[PDB]
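K.L.:
My structure is stored as data_8.txt, with compact mmCIF, C-alpha atoms.
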```txt
# COMPACT_ATOMS: atom_id res chain seq x y z
CA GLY A 1 131.20 -4.67 -53.84
CA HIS A 2 131.35 -4.54 -50.01
CA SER A 3 135.02 -3.96 -49.00
CA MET A 4 137.16 -7.04 -49.87
CA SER A 5 134.76 -8.95 -52.16
CA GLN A 6 136.26 -7.55 -55.40
CA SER A 7 133.27 -7.35 -57.78
CA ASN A 8 135.75 -7.19 -60.72
CA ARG A 9 137.94 -10.13 -59.54
CA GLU A 10 134.63 -12.08 -59.12
CA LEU A 11 133.00 -10.91 -62.38
CA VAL A 12 135.79 -11.97 -64.76
CA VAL A 13 135.91 -15.44 -63.17
CA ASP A 14 132.08 -15.61 -63.23
CA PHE A 15 132.00 -15.03 -67.02
CA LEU A 16 134.60 -17.83 -67.56
CA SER A 17 133.07 -20.38 -65.14
CA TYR A 18 129.63 -19.51 -66.67
CA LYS A 19 130.73 -19.98 -70.34
CA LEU A 20 132.20 -23.35 -69.35
CA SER A 21 129.31 -24.38 -67.04
CA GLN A 22 127.12 -24.21 -70.19
CA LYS A 23 128.49 -27.59 -71.46
CA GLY A 24 132.32 -27.58 -71.20
CA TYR A 25 133.08 -27.33 -67.43
CA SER A 26 136.29 -29.04 -66.29
CA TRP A 27 138.00 -26.88 -63.63
CA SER A 28 134.89 -25.04 -62.26
CA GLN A 29 133.96 -28.36 -60.59
CA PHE A 30 137.47 -29.88 -60.22
CA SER A 31 138.64 -27.56 -57.41
CA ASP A 32 137.22 -24.01 -57.89
CA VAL A 33 139.75 -22.59 -55.35
CA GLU A 34 142.67 -20.97 -57.24
CA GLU A 35 143.57 -18.90 -54.11
CA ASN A 36 140.69 -16.50 -53.27
CA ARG A 37 143.41 -13.94 -52.31
CA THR A 38 142.76 -10.78 -50.22
CA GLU A 39 145.03 -7.84 -51.05
CA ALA A 40 144.81 -4.53 -49.17
CA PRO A 41 141.36 -2.89 -48.65
CA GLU A 42 139.86 -0.21 -50.92
CA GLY A 43 137.44 2.77 -50.80
CA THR A 44 133.82 1.52 -50.84
CA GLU A 45 131.91 1.82 -54.16
CA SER A 46 128.55 0.86 -52.57
CA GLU A 47 126.26 1.65 -55.53
CA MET A 48 127.43 4.64 -57.64
CA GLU A 49 126.19 8.13 -56.57
CA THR A 50 122.38 8.27 -57.14
CA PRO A 51 120.86 5.11 -55.53
CA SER A 52 117.48 6.97 -55.37
CA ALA A 53 117.41 7.80 -59.13
CA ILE A 54 117.53 4.34 -60.86
CA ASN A 55 113.97 3.03 -61.27
CA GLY A 56 111.68 2.33 -64.24
CA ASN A 57 113.60 0.13 -66.72
CA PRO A 58 113.11 0.70 -70.49
CA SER A 59 110.60 -1.16 -72.71
CA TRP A 60 113.05 -3.82 -74.05
CA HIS A 61 115.21 -2.26 -76.83
CA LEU A 62 113.36 0.09 -79.25
CA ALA A 63 111.26 2.32 -76.96
CA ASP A 64 108.33 3.34 -79.26
CA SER A 65 105.26 3.37 -76.98
CA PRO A 66 102.99 5.92 -75.21
CA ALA A 67 104.45 4.60 -71.87
CA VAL A 68 101.31 3.15 -70.19
CA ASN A 69 100.60 -0.51 -69.31
CA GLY A 70 100.06 -1.00 -65.55
CA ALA A 71 103.35 -1.46 -63.62
CA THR A 72 102.12 -3.42 -60.52
CA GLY A 73 103.50 -7.00 -60.74
CA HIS A 74 106.62 -8.99 -61.68
CA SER A 75 104.47 -10.56 -64.45
CA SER A 76 104.67 -7.18 -66.26
CA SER A 77 108.53 -7.13 -66.00
CA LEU A 78 108.91 -10.84 -66.93
CA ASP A 79 112.38 -12.51 -67.10
CA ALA A 80 113.32 -10.46 -70.22
CA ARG A 81 115.98 -7.69 -70.61
CA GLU A 82 114.41 -5.38 -67.97
CA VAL A 83 115.39 -6.79 -64.51
CA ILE A 84 116.94 -4.85 -61.59
CA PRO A 85 118.36 -7.35 -59.06
CA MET A 86 121.15 -5.05 -57.72
CA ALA A 87 124.25 -4.75 -59.95
CA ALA A 88 123.49 -7.31 -62.72
CA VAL A 89 127.14 -8.53 -62.71
CA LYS A 90 125.82 -11.89 -64.02
CA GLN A 91 122.61 -10.95 -65.89
CA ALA A 92 124.32 -8.32 -68.09
CA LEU A 93 127.41 -10.50 -68.67
CA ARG A 94 125.10 -13.46 -69.42
CA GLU A 95 123.30 -11.49 -72.18
CA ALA A 96 126.46 -10.22 -73.89
CA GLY A 97 128.27 -13.51 -73.24
CA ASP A 98 125.38 -15.68 -74.58
CA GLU A 99 125.45 -13.80 -77.92
CA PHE A 100 129.21 -14.23 -78.30
CA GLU A 101 129.07 -17.82 -76.91
CA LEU A 102 126.70 -19.10 -79.62
CA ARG A 103 128.65 -17.06 -82.25
CA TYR A 104 132.06 -18.34 -81.06
CA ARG A 105 130.74 -21.95 -81.26
CA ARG A 106 131.97 -21.84 -84.89
CA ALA A 107 135.55 -22.16 -83.45
CA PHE A 108 136.61 -19.67 -86.19
CA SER A 109 135.25 -16.33 -84.89
CA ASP A 110 137.38 -13.15 -84.60
CA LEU A 111 139.07 -14.96 -81.63
CA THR A 112 141.29 -16.76 -84.19
CA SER A 113 142.18 -13.53 -86.06
CA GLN A 114 142.73 -11.74 -82.67
CA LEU A 115 144.66 -14.56 -80.91
CA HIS A 116 144.85 -17.72 -83.04
CA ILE A 117 145.83 -19.54 -79.80
CA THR A 118 149.51 -18.54 -80.00
CA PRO A 119 152.14 -21.06 -78.77
CA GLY A 120 152.93 -18.60 -75.93
CA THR A 121 149.96 -19.65 -73.67
CA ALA A 122 152.05 -18.21 -70.79
CA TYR A 123 152.26 -14.45 -70.07
CA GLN A 124 152.77 -14.05 -73.87
CA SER A 125 149.05 -14.87 -74.47
CA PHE A 126 147.68 -12.95 -71.46
CA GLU A 127 149.78 -9.96 -72.60
CA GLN A 128 148.12 -10.01 -76.06
CA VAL A 129 144.54 -10.57 -74.81
CA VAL A 130 144.91 -7.83 -72.16
CA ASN A 131 146.78 -5.48 -74.55
CA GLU A 132 143.70 -5.54 -76.84
CA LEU A 133 141.38 -4.64 -73.91
CA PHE A 134 143.92 -2.06 -72.65
CA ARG A 135 144.16 -0.38 -76.11
CA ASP A 136 141.36 1.94 -74.94
CA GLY A 137 141.73 1.25 -71.15
CA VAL A 138 138.07 0.45 -70.27
CA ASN A 139 135.87 0.71 -73.37
CA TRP A 140 132.29 -0.54 -72.71
CA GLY A 141 132.52 -2.31 -76.10
CA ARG A 142 136.09 -3.75 -75.67
CA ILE A 143 135.46 -4.96 -72.07
CA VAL A 144 132.46 -6.97 -73.28
CA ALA A 145 134.37 -8.49 -76.20
CA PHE A 146 137.46 -9.21 -74.00
CA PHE A 147 135.35 -11.43 -71.74
CA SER A 148 134.71 -13.65 -74.79
CA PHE A 149 138.20 -13.14 -76.30
CA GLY A 150 139.70 -14.79 -73.15
CA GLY A 151 136.63 -16.62 -71.75
CA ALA A 152 134.88 -18.06 -74.85
CA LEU A 153 138.22 -19.43 -76.15
CA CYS A 154 138.74 -21.26 -72.84
CA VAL A 155 135.73 -23.45 -73.84
CA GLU A 156 137.56 -24.71 -76.95
CA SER A 157 140.77 -25.71 -75.12
CA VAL A 158 138.85 -27.46 -72.32
CA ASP A 159 137.17 -29.60 -75.04
CA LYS A 160 140.59 -30.48 -76.57
CA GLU A 161 141.78 -31.67 -73.13
CA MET A 162 144.55 -29.24 -72.15
CA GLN A 163 143.56 -26.91 -69.29
CA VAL A 164 146.55 -24.72 -70.35
CA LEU A 165 144.47 -21.85 -71.78
CA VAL A 166 141.52 -21.82 -69.37
CA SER A 167 143.88 -22.14 -66.37
CA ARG A 168 146.36 -19.54 -67.70
CA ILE A 169 143.68 -17.09 -68.90
CA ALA A 170 141.49 -17.42 -65.76
CA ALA A 171 144.60 -17.12 -63.53
CA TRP A 172 145.99 -14.20 -65.59
CA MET A 173 142.72 -12.25 -65.98
CA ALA A 174 141.86 -12.50 -62.25
CA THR A 175 145.45 -11.33 -61.56
CA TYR A 176 145.45 -8.34 -64.00
CA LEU A 177 141.87 -7.32 -63.18
CA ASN A 178 142.83 -7.19 -59.49
CA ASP A 179 146.32 -5.70 -60.25
CA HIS A 180 145.12 -2.19 -61.17
CA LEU A 181 141.98 -2.81 -63.30
CA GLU A 182 139.63 -3.12 -60.24
CA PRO A 183 139.53 0.60 -59.28
CA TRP A 184 140.03 1.65 -62.93
CA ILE A 185 136.70 0.07 -63.96
CA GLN A 186 134.78 1.32 -60.87
CA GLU A 187 136.32 4.81 -61.50
CA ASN A 188 136.04 5.05 -65.31
CA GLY A 189 132.62 3.33 -65.05
CA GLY A 190 133.47 0.16 -67.04
CA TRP A 191 130.92 -2.65 -66.82
CA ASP A 192 128.96 -0.61 -64.19
CA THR A 193 127.94 1.99 -66.76
CA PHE A 194 127.79 -0.55 -69.65
CA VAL A 195 124.83 -2.13 -67.81
CA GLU A 196 123.21 1.28 -67.02
CA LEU A 197 123.50 2.85 -70.52
CA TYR A 198 122.60 -0.46 -72.23
CA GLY A 199 119.98 -1.26 -69.52
CA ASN A 200 118.39 2.23 -69.61
CA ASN A 201 118.34 3.56 -73.19
CA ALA A 202 114.97 5.27 -72.50
CA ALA A 203 116.64 7.29 -69.69
CA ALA A 204 119.40 8.68 -71.94
CA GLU A 205 121.59 5.82 -73.36
CA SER A 206 125.01 7.44 -72.62
CA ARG A 207 123.57 10.97 -73.23
CA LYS A 208 123.53 12.46 -69.70
CA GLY A 209 126.41 10.42 -68.18
CA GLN A 210 128.56 13.61 -67.86
CA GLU A 211 126.09 16.37 -66.79
CA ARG A 212 124.87 15.43 -63.27
```
Once you've parsed the file, please lay out its structure as structure tokens.

P.N.:
Amino acid sequence: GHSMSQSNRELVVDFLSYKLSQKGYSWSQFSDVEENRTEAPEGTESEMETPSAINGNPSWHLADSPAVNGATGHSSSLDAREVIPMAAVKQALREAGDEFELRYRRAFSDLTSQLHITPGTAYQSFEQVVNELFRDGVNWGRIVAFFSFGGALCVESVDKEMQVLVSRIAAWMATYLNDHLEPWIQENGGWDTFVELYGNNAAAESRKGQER
């Protein structure tokens, strides 16, 4: 975030436009300008608190090594799950979204037992999808699933030729996320921590996120 960029109002839309850009795009190229908006300013939220204490990514998943290779080149970091661009608002969402995207390809995932594409595509649908993410407020597990519960489904409707779910969900999510979910995530450490704890298990893995 910078001041009026809205990393949350840009992340939610990025996950949707990304899941569709895979092979189901329809609105992401049509116009891509559903009112950028620009509500009142906010605090700042530059990085977090310790910008000088976030270096040395984990091995990959199951850290089980003497910790000694020769860190001195991007070739040692590769393009695997160990990159540090800045915030990873796309890299982290791409990893969690790719796993649910290929799994939701079945068109019969938990999305149908958690939504079933109710006839109330209006606020009735957005109210249900958001209510499930709001059940815990900002759970690092629910936030990740919600992105696919409202963004992976949008891929199915776009293929059926409707634009009523992707346009409602993308317009509703970007509205609710900006409504009062923007500061709530940056304050409760929503996706921001989800990438740190899941992108730094060797550091602590949600073990020292309440001591410093």

K.L.:
Which residue gives the smallest distance to residue 102 (chain A) among A:22, A:57, A:131, A:175, with only C-alpha atoms counted?

P.N.:
A:22

K.L.:
Of the candidates A:135, A:1, A:76, A:170, which one gets nearest to residue 32 (chain A) if we count all atoms listed in the file?

P.N.:
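Of the candidates, the smallest distance to residue 32 (chain A) is held by A:170.
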
K.L.:
For each of A:74, A:19, A:2, A:81, take the minimum atom-to-atom distance to residue 195 (chain A), counting all atoms listed in the file, then give the residue where this is smallest.

P.N.:
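When distances to residue 195 (chain A) are compared using all atoms listed in the file, the smallest one comes from A:81.
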
K.L.:
Considering all atoms listed in the file, state which residue in the set A:89, A:145, A:153, A:115 is at the smallest distance from residue 8 (chain A).

P.N.:
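The shortest atom-to-atom distance to residue 8 (chain A) comes from A:89.
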
K.L.:
Counting all atoms listed in the file, note down every residue that has an atom within 10 Å of the point (123.3, -7.8, -65.9) (file coordinates), as a count of residues only.

P.N.:
23

K.L.:
Restricting the calculation to all atoms listed in the file: of A:3, A:77, A:121, A:146, which residue gets closest to residue 39 (chain A)?

P.N.:
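With all atoms listed in the file as the atom set, the closest residue is A:3.
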
K.L.:
Check which residues of region 156-210 of chain A sit at most 12 Å from region 107-113 of chain A using only C-alpha atoms, and return one row each with the closest pair of atoms and their distance in Å to one decimal, ordered by chain and rising number, as a Markdown table.

P.N.:
```
| residue | atom | partner | partner_atom | distance |
| --- | --- | --- | --- | --- |
| A:156 | CA | A:107 | CA | 7.3 |
| A:157 | CA | A:107 | CA | 10.5 |
| A:159 | CA | A:107 | CA | 11.3 |
| A:160 | CA | A:107 | CA | 11.9 |
```
